[PDB]
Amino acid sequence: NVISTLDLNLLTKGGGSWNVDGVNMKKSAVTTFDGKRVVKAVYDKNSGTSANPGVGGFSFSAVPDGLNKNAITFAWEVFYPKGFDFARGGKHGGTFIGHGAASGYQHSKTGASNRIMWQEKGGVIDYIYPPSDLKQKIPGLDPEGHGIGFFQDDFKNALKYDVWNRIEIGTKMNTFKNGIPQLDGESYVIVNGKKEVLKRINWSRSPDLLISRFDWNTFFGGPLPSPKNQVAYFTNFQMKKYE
């Protein structure tokens, strides 16, 4: 079940056993909200990617003690005050495979990523950057342009207002046969108790390229940035056994 929980009071000083670095708090801050220790994620009007001038969200990287390189789940809760405008979606974060680019319109032969995005009206999708020059049998799973979305129909308006939404994302490596990846990797997403699973993934090209870190980086879009100054709260970041 839950292997460990991030202590947000250590987020800017190494994260304890989560081995956090790469921290960019931007305008966000660890605080208390609804009696929980949370991060208030501050999204300025017109914030998003670096193509957008406002400041929004926050980021950090973690390699927790106990990270299982073959399969692992990360989980968190998020509160959207009534009135929050989800626009046309944005990122939370997720699990990165191997080393090298796998996000931001850039791919690599050795890296992949499995992330949560929100969508319009509070939807959720699994958003995957697969590696360059690696066979996939899942239709549309190609390492070109932006990442590939899954579960569009399955989490429509899943993210509700004025409550703690529970989100999880699980990642399980493919196996290898004589160094050949076997198109048997998996992903799953859970939102407020509903689980959807994706099988038949090649997550890497070689048995030394495995699950390597959790990268958190929340922001609107691209391409559509935050329509207004607004906040959301994140809490209870957990690393969990892959179910």
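The numbering used is simple: start at 1 and walk along the sequence shown.
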item: 2 to 10 versus 232 to 240 - greater average Cα B-factor per the deposited record; value: 2 to 10
item: Comparing 31 to 39 with 189 to 197, the one whose average Cα B-factor in the PDB entry is higher; value: 31 to 39
item: C-alpha B-factor winner, where the candidates are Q152, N165, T171, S132; value: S132
item: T49, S59, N46, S212, ranked by C-alpha B-factor: the highest one; value: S212
item: Lowest, middle or highest third - CA B-factor, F176; value: highest
item: Relative C-alpha B-factor of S206, binned into the chain's lowest, middle or highest third; value: highest
item: CA B-factor placement of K137, once the chain's modelled residues are sorted into thirds; value: highest
item: Cα B factor band for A101 (lowest, middle or highest third within the chain); value: highest
item: Ranked against its chain, the third holding the CA B-factor of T110; value: highest
